[PDB]
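Just one chain follows, in the form deposited in one PDB entry, and it is written as structure tokens.
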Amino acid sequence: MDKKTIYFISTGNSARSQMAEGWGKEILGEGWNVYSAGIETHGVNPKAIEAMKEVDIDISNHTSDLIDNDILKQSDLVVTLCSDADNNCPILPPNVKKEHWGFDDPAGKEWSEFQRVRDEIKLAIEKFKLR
């Protein structure tokens, strides 16, 4: 069986979706291709990079990207991480499944908020893998 595709979408492909891609690559790497995008691109949040560094994952090489139609069409699962993404997610192909795993926006907050969200995302992806 060929690897499946999971697409994490958020508001600015800066924190939540970047950490989800980071965790996804490691946790789901054997059976999935992992991508992330945002309704807008704010670049990779510095605190999100620091947060992943604490768990020995480098996401400073990630890119902040807008939603790509080609990736959507080939996605097995699209996961929206916030209301903005969920409400503004472009129309998906009829056969593509979509789920909303909401996480708080750590933007403008202390280091600790990124640590908290980082780990809530980790748990969600770990559970997903064991479905």
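Basically, rigid core = biggest C-alpha set you can superpose within 1.5 Å across the two forms. Residue numbers here begin at 1 and follow the sequence given. Only residues modelled in both forms are compared.
Although not depicted, the form deposited in another entry is the subject of the following passage.
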{"query": "Core-superposed comparison between this form and the one not shown: the option from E26, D86, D76, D105 whose CA moves 2 angstroms or more", "finding": "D86"}
{"query": "Core-superposed C-alpha of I57 shifting 2 Å or more between this form and the one not shown", "finding": "no"}
{"query": "Inter-Cα distance between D86 and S112 in the other form, nearer or further [3 Å or more]", "finding": "closer"}
{"query": "Distance direction in the other form for the C-alpha atoms of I91 and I39, relative to the displayed form (3 angstroms or more)", "finding": "closer"}
{"query": "Regions of at least 3 residues displaced between this form and the one not shown by 2 angstroms or more (CA, core superposed)", "finding": "83-96"}
